[PDB]
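We begin with a single chain expressed as structure tokens, specifically the form deposited in one PDB entry.
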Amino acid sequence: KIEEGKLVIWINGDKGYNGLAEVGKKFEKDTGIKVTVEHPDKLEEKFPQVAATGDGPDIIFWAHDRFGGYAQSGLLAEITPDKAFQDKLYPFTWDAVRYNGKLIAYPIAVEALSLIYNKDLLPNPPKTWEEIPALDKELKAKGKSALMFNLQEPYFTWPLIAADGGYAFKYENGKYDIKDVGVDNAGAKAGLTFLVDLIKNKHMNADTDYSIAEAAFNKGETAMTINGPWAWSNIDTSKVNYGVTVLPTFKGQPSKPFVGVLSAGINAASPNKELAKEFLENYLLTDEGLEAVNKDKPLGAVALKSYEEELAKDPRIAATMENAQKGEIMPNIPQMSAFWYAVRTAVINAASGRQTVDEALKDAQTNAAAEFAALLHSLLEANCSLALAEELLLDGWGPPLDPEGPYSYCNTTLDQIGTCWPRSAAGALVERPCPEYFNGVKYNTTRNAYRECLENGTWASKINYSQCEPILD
């Protein structure tokens, strides 16, 4: 379990985590309570693995779309701010953190993607997507490129897939209809196809990802990127004379980014709920607190009314909001997880030529990717339970083991990679062969993973995968 008398906080690496820790440093000064900020990778998948078991951060930070699934699964504590406090933030930002009419997180800021462009390469950013192919052709002539953005995260390609009719779940009079999914409609198809054609036509690379794009943009190699506010800081530093503008249209339609409210949730299992509330309410959610984080990496349009009045006057925030209006707040329902996984899968396959646009989106429609993952996973789970079954069956009803072995084993367990660790004696360093298969990648199984069974009878929390070399060409 979490340590009593401190606060651990998970925020994502792209955000303003050093500003946040200064707010944490001020909280320490006053109360004496150590505040640690960490940014583990794949935070929003890591958080429910570890929280589910009574472990993890005191406070988690993320866009409100994952909180629905966290609260459904009972991992977030109900927050109770008083009336006075709720008047300090916007109504629509409480809406995003509401799950079954309970408030399950604090709103921090609104974030929407914008077209970021280089004023020296492009005095006039284009108004339409269609314009981009011709634009790339004349910038390739200058040893440069029209547009780079992260193609490996569906959040970035969605404004374009939604432009002309693609939608997650249909909204109808207050309710989302999880039986009405708009990923494989004609609009979704057109947008993805246009995106795949830019690649076939070598205007974009399938490989391109967050850091290649950021680097490429900040070095003045590409005229345009698509990113959020958090990215503006590293641009200011690169001294590229940059603008932030409305996303270009597709087939005359606005691109429709999905809008996120950055929110702060409290771990249901935390013994520090009270410290968390005071920290969030009296230190972070204040001009002082937000300005500290905004000055690290800009937050977008903040939820704290009084600070937003100062930030609202920035053309960049103005532009954030204009794309916000054109888009759509993300649903926060628990199916969001499967949704995102499906579209991630679809975009990547379509991008890399593994499936056609038709084939990819149809699988996203039918939820095939996440269902295959659940098949391989439940086979492993079953197999690891069976191993445990056997081990217990022996150790209880088999003939008496050595009147001189130990009472104290680490039990048969299945890690997050699918490796089943067998029941082992305390002190043991245990070798198991590297997964044959992991996230679409095949590994050399004649090398091993390593996990230590501690001298007390518990598995060490770190597992040594360092030796698992993939092999795919």
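If you superpose the two forms and keep the largest set of C-alpha atoms that fall within 1.5 Å, you have the rigid core. Numbering starts at 1 and runs along the sequence shown. Residues that one form lacks are left out of the comparison.
Although not depicted, the form deposited in another entry is the subject of the following passage.
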- Note on the structure: Only one of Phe47, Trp62, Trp421, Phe27 shifts its Cα by 2 Å or more between this form and the one not shown once the rigid core is superposed, namely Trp421
- Query: Is the CA-CA spacing of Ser352 and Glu371 tighter or wider in the other entry than here, given a 3 Å or more change?
  - Reply: farther
- Query: Are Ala460 and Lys46 closer or farther apart at their Cα atoms in the other entry than shown, with the shift being 3 Å or more?
  - Reply: farther
- Once the rigid core is overlaid, which residue runs, three or more long, move by 2 Å or more at each CA between this form and the one not shown? 368-395, 406-473
